[PDB]
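Printed here is query-v2.cif (mmCIF, C-alpha atoms and all ligand atoms):
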```
data_my_file
#
loop_
_atom_site.label_atom_id
_atom_site.label_comp_id
_atom_site.auth_asym_id
_atom_site.auth_seq_id
_atom_site.Cartn_x
_atom_site.Cartn_y
_atom_site.Cartn_z
CA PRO K 1 9.94 11.36 21.39
CA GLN K 2 6.97 13.65 21.99
CA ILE K 3 4.28 12.66 19.49
CA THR K 4 1.47 15.11 18.66
CA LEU K 5 -1.81 13.85 17.27
CA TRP K 6 -2.58 16.02 14.25
CA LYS K 7 -1.72 12.94 12.17
CA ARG K 8 -2.07 9.23 12.95
CA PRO K 9 0.75 8.19 15.36
CA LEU K 10 2.32 5.74 12.92
CA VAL K 11 5.68 4.16 13.70
CA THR K 12 7.95 1.52 12.26
CA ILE K 13 8.03 -1.80 14.05
CA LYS K 14 10.34 -4.75 13.54
CA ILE K 15 8.91 -8.21 14.05
CA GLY K 16 10.11 -11.50 12.59
CA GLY K 17 13.00 -9.67 10.94
CA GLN K 18 10.51 -7.63 8.95
CA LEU K 19 9.68 -3.94 9.01
CA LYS K 20 6.04 -2.89 9.25
CA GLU K 21 4.00 0.23 9.97
CA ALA K 22 1.88 0.26 13.11
CA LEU K 23 -0.44 2.62 14.97
CA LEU K 24 0.30 3.60 18.61
CA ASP K 25 -3.17 2.96 20.09
CA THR K 26 -3.92 3.96 23.67
CA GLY K 27 -7.49 2.74 23.15
CA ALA K 28 -6.20 -0.80 22.58
CA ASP K 29 -5.52 -3.09 25.54
CA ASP K 30 -3.72 -5.53 23.23
CA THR K 31 -1.35 -5.47 20.27
CA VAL K 32 -2.88 -6.76 17.06
CA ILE K 33 -1.01 -7.38 13.82
CA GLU K 34 -2.12 -8.48 10.37
CA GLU K 35 -1.61 -12.07 9.24
CA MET K 36 2.04 -13.12 9.43
CA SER K 37 3.95 -16.18 10.59
CA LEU K 38 5.26 -16.23 14.15
CA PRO K 39 7.21 -18.96 15.95
CA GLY K 40 5.93 -21.28 18.65
CA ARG K 41 2.49 -22.31 19.72
CA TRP K 42 -0.52 -20.00 19.86
CA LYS K 43 -3.71 -19.84 21.99
CA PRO K 44 -7.23 -18.73 21.08
CA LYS K 45 -8.52 -15.32 21.89
CA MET K 46 -11.61 -13.35 21.00
CA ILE K 47 -11.24 -9.56 20.91
CA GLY K 48 -13.89 -6.91 20.52
CA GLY K 49 -13.44 -3.88 18.26
CA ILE K 50 -15.77 -1.11 17.06
CA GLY K 51 -17.51 -3.36 14.59
CA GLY K 52 -17.83 -6.57 16.56
CA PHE K 53 -15.74 -9.49 17.81
CA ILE K 54 -13.03 -11.37 15.92
CA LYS K 55 -10.99 -14.51 16.54
CA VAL K 56 -7.22 -13.97 16.73
CA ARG K 57 -4.13 -16.12 17.37
CA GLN K 58 -2.37 -15.23 20.61
CA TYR K 59 1.43 -15.61 20.54
CA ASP K 60 3.21 -14.96 23.82
CA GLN K 61 6.73 -13.67 24.46
CA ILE K 62 7.30 -12.38 20.95
CA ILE K 63 10.26 -10.07 20.33
CA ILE K 64 9.29 -6.80 18.68
CA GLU K 65 11.03 -3.46 18.16
CA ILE K 66 8.73 -0.40 18.32
CA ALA K 67 10.08 2.89 17.01
CA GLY K 68 13.51 1.74 18.17
CA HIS K 69 12.49 0.42 21.57
CA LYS K 70 12.75 -3.27 22.44
CA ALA K 71 9.68 -5.09 23.74
CA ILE K 72 8.98 -8.76 24.41
CA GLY K 73 5.35 -9.66 24.81
CA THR K 74 2.03 -10.89 23.60
CA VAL K 75 1.10 -10.32 19.98
CA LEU K 76 -2.36 -11.08 18.58
CA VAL K 77 -2.52 -12.01 14.90
CA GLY K 78 -5.73 -11.64 12.89
CA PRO K 79 -7.80 -9.59 10.41
CA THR K 80 -7.29 -6.14 11.79
CA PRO K 81 -7.57 -3.33 9.27
CA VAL K 82 -4.31 -1.84 10.56
CA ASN K 83 -1.43 -3.01 12.77
CA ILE K 84 -1.99 -1.65 16.27
CA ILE K 85 0.34 -1.36 19.22
CA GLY K 86 -1.76 -1.55 22.38
CA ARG K 87 -1.12 -0.79 26.06
CA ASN K 88 0.50 -4.13 26.76
CA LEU K 89 3.52 -3.00 24.69
CA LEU K 90 3.18 0.76 25.10
CA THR K 91 3.86 0.19 28.80
CA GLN K 92 7.01 -1.77 27.93
CA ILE K 93 8.42 1.13 25.93
CA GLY K 94 7.55 3.59 28.70
CA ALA K 95 4.89 5.57 26.90
CA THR K 96 2.53 7.95 28.63
CA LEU K 97 -0.22 10.38 27.65
CA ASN K 98 0.48 14.01 28.55
CA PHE K 99 -1.49 17.25 28.41
CA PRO P 1 -1.22 15.77 33.69
CA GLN P 2 0.85 12.67 32.86
CA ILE P 3 -1.28 9.54 32.44
CA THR P 4 0.31 6.12 32.59
CA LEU P 5 -1.07 3.27 30.48
CA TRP P 6 -0.94 0.42 33.00
CA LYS P 7 -4.71 0.72 32.87
CA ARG P 8 -7.28 2.15 30.47
CA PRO P 9 -6.76 5.94 30.25
CA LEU P 10 -10.25 6.96 31.25
CA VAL P 11 -11.24 10.51 32.06
CA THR P 12 -14.39 12.40 32.95
CA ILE P 13 -15.97 14.45 30.18
CA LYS P 14 -18.93 16.81 29.95
CA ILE P 15 -20.98 16.73 26.76
CA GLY P 16 -24.49 17.96 25.92
CA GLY P 17 -24.82 18.80 29.61
CA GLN P 18 -24.07 15.24 30.76
CA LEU P 19 -21.05 13.84 32.63
CA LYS P 20 -19.56 10.72 31.12
CA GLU P 21 -16.43 8.57 31.32
CA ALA P 22 -14.35 8.33 28.15
CA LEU P 23 -11.22 6.63 26.88
CA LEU P 24 -8.39 8.89 25.59
CA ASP P 25 -7.70 7.04 22.35
CA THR P 26 -4.78 7.92 20.07
CA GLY P 27 -5.86 5.12 17.70
CA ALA P 28 -9.19 6.86 17.01
CA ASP P 29 -9.32 9.40 14.16
CA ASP P 30 -12.64 10.74 15.44
CA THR P 31 -14.51 11.09 18.76
CA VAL P 32 -17.30 8.51 19.20
CA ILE P 33 -19.91 8.77 21.92
CA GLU P 34 -22.51 6.21 22.96
CA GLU P 35 -26.12 6.94 21.97
CA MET P 36 -27.29 10.32 23.22
CA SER P 37 -29.09 13.41 21.85
CA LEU P 38 -27.05 16.41 20.70
CA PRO P 39 -28.23 19.71 19.25
CA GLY P 40 -28.02 20.75 15.61
CA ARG P 41 -27.97 19.02 12.27
CA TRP P 42 -26.25 15.70 11.65
CA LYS P 43 -25.38 13.45 8.75
CA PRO P 44 -24.85 9.70 8.64
CA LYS P 45 -21.40 8.17 8.50
CA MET P 46 -19.77 4.71 8.50
CA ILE P 47 -16.69 4.07 10.63
CA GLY P 48 -14.62 0.93 10.66
CA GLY P 49 -12.22 -0.98 12.84
CA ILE P 50 -11.69 -4.49 14.11
CA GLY P 51 -14.95 -6.36 13.59
CA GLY P 52 -16.07 -4.19 10.67
CA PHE P 53 -18.13 -0.99 10.48
CA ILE P 54 -20.92 0.74 12.40
CA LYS P 55 -23.26 3.49 11.33
CA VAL P 56 -23.08 6.71 13.35
CA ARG P 57 -24.51 10.24 13.40
CA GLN P 58 -22.00 13.02 12.68
CA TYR P 59 -22.62 16.22 14.68
CA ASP P 60 -20.33 19.13 13.83
CA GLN P 61 -19.16 21.92 16.14
CA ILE P 62 -19.95 20.27 19.45
CA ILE P 63 -18.32 21.48 22.61
CA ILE P 64 -16.88 18.98 25.06
CA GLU P 65 -15.09 19.39 28.37
CA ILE P 66 -12.29 16.84 28.59
CA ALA P 67 -10.66 16.43 31.99
CA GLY P 68 -11.49 20.11 32.59
CA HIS P 69 -10.17 21.23 29.20
CA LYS P 70 -12.65 22.83 26.79
CA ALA P 71 -12.62 21.73 23.14
CA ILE P 72 -14.88 22.01 20.09
CA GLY P 73 -15.15 19.71 17.13
CA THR P 74 -17.06 16.96 15.35
CA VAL P 75 -18.59 14.27 17.53
CA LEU P 76 -19.85 10.95 16.21
CA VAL P 77 -22.76 9.34 18.00
CA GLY P 78 -23.54 5.64 17.78
CA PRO P 79 -23.53 2.16 19.24
CA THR P 80 -20.29 1.91 21.18
CA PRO P 81 -19.95 0.41 24.65
CA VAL P 82 -17.26 2.93 25.57
CA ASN P 83 -17.03 6.67 24.82
CA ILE P 84 -13.80 7.50 23.03
CA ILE P 85 -12.04 10.80 22.64
CA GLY P 86 -10.24 10.65 19.32
CA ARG P 87 -7.42 12.63 17.77
CA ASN P 88 -9.72 15.39 16.46
CA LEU P 89 -10.28 16.54 20.08
CA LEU P 90 -7.08 15.21 21.66
CA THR P 91 -5.12 17.73 19.63
CA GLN P 92 -7.26 20.52 20.97
CA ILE P 93 -6.31 19.83 24.55
CA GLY P 94 -2.66 19.52 23.57
CA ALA P 95 -2.34 15.82 24.28
CA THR P 96 0.82 14.04 23.24
CA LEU P 97 2.28 10.53 23.38
CA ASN P 98 5.67 10.52 25.11
CA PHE P 99 8.41 7.92 25.53
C1 LIG N 101 -12.94 7.23 12.29
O1 LIG N 101 -13.07 7.32 13.70
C2 LIG N 101 -12.81 6.13 14.32
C3 LIG N 101 -12.80 6.10 15.71
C4 LIG N 101 -12.59 4.90 16.37
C5 LIG N 101 -12.23 3.78 15.62
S1 LIG N 101 -11.91 2.28 16.47
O2 LIG N 101 -12.24 1.13 15.57
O3 LIG N 101 -12.72 2.25 17.73
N1 LIG N 101 -10.31 2.18 16.84
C6 LIG N 101 -9.46 2.51 15.73
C7 LIG N 101 -8.92 1.25 15.03
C8 LIG N 101 -8.54 0.14 15.78
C9 LIG N 101 -8.08 -1.01 15.14
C10 LIG N 101 -8.02 -1.07 13.75
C11 LIG N 101 -8.36 0.05 13.01
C12 LIG N 101 -8.81 1.20 13.65
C13 LIG N 101 -9.96 2.76 18.13
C14 LIG N 101 -9.33 1.69 19.02
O4 LIG N 101 -8.59 2.32 20.06
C15 LIG N 101 -10.38 0.73 19.59
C16 LIG N 101 -11.32 1.44 20.59
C17 LIG N 101 -12.52 0.67 21.16
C18 LIG N 101 -13.53 1.71 21.69
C19 LIG N 101 -14.74 0.96 22.27
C20 LIG N 101 -14.26 0.08 23.43
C21 LIG N 101 -13.26 -0.95 22.89
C22 LIG N 101 -13.94 -1.78 21.79
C23 LIG N 101 -14.39 -0.89 20.64
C24 LIG N 101 -15.40 0.14 21.16
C25 LIG N 101 -13.17 -0.16 20.07
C26 LIG N 101 -12.05 -0.20 22.31
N2 LIG N 101 -9.73 -0.34 20.35
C27 LIG N 101 -9.64 -1.61 19.93
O5 LIG N 101 -10.09 -2.01 18.87
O6 LIG N 101 -8.96 -2.44 20.76
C28 LIG N 101 -8.99 -3.84 20.44
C29 LIG N 101 -7.53 -4.34 20.52
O7 LIG N 101 -7.25 -4.27 21.93
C30 LIG N 101 -8.41 -4.73 22.61
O8 LIG N 101 -8.68 -3.92 23.76
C31 LIG N 101 -9.68 -2.97 23.41
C32 LIG N 101 -10.58 -3.70 22.41
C33 LIG N 101 -9.58 -4.58 21.65
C34 LIG N 101 -12.31 3.79 14.24
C35 LIG N 101 -12.60 4.98 13.56
CL CL N 102 -13.19 18.12 14.31
CL CL N 103 0.56 21.18 19.03
#
```

What do you get writing this file as structure tokens?
Amino acid sequence: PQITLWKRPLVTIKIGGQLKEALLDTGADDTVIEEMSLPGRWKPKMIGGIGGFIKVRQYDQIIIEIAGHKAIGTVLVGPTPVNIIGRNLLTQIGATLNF
Amino acid sequence: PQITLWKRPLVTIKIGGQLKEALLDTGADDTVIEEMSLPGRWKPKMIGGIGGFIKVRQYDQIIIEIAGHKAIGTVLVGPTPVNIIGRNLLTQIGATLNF
């Protein structure tokens, strides 16, 4: 689709069989989702946001559907105020900025 | 232009007579610039994201040149390491997310 920005660019994602709402975030390098259980092992990562740094759990090669498009990649899990889809997955679904 | 997201979508901006680099950020409601002086009145504001909240100065009716595209709107000024152009000015230059 073509998504204008008068409202937050919120989309439905499917991860772990569950539907969630997430924000398409070109200002995010990484994808960050609120606390949920994911399979496999995870690795530590510190990420920096507007208010400071937080610890997250890094799960690699996670299957996730994003507004109907299939991605398989790294998902960070932690106390983010909102689920965000960052450039690591926006590139997988072929998204670009246009003006 | 069409901007891919393989890397950070950074552009040149002109604001308060200064040239600066800024991130085109669809996840940002508002435009947030690193500490600088701007003309006019301002009022304090708290904005939040990963890591918590920061205090900023809200300047209304500021003109910015974004990648050669003129826009006017509210600009928040405060302690961020990276300038971000948020949806309130992205709309004004007709930016969209496409995939
Ligand atoms: C009301 O007006 C607002 C305007 C801005 C914001 S915001 O907190 O800056 N954020 C919105 C937001 C994000 C998450 C949850 C809720 C809201 C925008 C994100 O795009 C933000 C930008 C930056 C802007 C600068 C430079 C960096 C670090 C921070 C300052 C936040 C990205 N990017 C981010 O956090 O990315 C993180 C995940 O991916 C990683 O890679 C990059 C750092 C790691 C909140 C309110
Ligand atoms: Cl505005
Ligand atoms: Cl429009």

* Produce as a list in words the set of residues near ligand CL 102 (chain N), where near means within 9 Å with all atoms listed in the file considered. => residues 30, 31, 60, 61, 62, 72, 73, 74, 75, 87, 88 and 89 of chain P

Name each residue within 8 Å of ligand CL 103 (chain N), counting only C-alpha atoms and all ligand atoms, as a compact mmCIF listing (two decimals) with C-alpha atoms, keeping the file's coordinate frame.
```
# COMPACT_ATOMS: atom_id res chain seq x y z
CA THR K 4 1.47 15.11 18.66
CA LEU K 5 -1.81 13.85 17.27
CA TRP K 6 -2.58 16.02 14.25
CA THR P 91 -5.12 17.73 19.63
CA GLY P 94 -2.66 19.52 23.57
```

* To do: Determine which residues of chain K sit within 7 Å of chain P, taking into account all atoms listed in the file, and present them as a VMD selection string.
  => chain K and resid 1 to 6 23 to 27 49 to 54 80 to 81 87 91 93 to 99

* **Interatomic distance (Å, one decimal) between CA of residue 44 (chain K) and atom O5 of ligand LIG 101 (chain N)** => 17.1 Å

* So how far away is CA of residue 83 (chain K) from atom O3 of ligand LIG 101 (chain N), in Å? ->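 Atom-to-atom, atom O3 of ligand LIG 101 (chain N) to CA of residue 83 (chain K), that is 13.4 Å.
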
* Coordinates-based distance that separates CA of residue 64 (chain P) from CA of residue 41 (chain P) (Å, one decimal) ->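 Between CA of residue 41 (chain P) and CA of residue 64 (chain P) the gap is 16.9 Å.
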
* To do: Find the residue from P:66, P:13, P:22, P:59 that sits nearest to ligand LIG 101 (chain N); use only C-alpha atoms and all ligand atoms when measuring.
  =>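 When distances to ligand LIG 101 (chain N) are compared using only C-alpha atoms and all ligand atoms, the smallest one comes from P:22.
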
* Select, from P:33, P:38, P:71, P:63, the residue with the minimum atom-to-atom distance to ligand LIG 101 (chain N), counting all atoms listed in the file. =>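 Among the listed residues, P:33 lies closest to ligand LIG 101 (chain N).
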
* To do: Determine the nearest neighbour of ligand LIG 101 (chain N) from the options P:70, P:65, P:56, P:14, counting all atoms listed in the file.
  =>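 Nearest to ligand LIG 101 (chain N): P:56.
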
Given 5 Å of margin on each side, can you work out the centre and size in Å (one decimal) of an axis-aligned box holding every listed atom of region 67-71 of chain K, as lines of an AutoDock Vina configuration file?
```
center_x = 11.6
center_y = -1.1
center_z = 20.4
size_x = 13.8
size_y = 18.0
size_z = 16.7
```

* Taking into account all atoms listed in the file, which residue in the set K:78, K:68, K:17, K:40 is nearest to ligand LIG 101 (chain N)? ->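 Answer, going by the shortest atom-to-atom distance: K:78.
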
* To do: Identify which of the residues P:57, P:46, P:36, P:15 lies closest to ligand LIG 101 (chain N), counting only C-alpha atoms and all ligand atoms when measuring atom-to-atom distances.
  =>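 Among the listed residues, P:46 lies closest to ligand LIG 101 (chain N).
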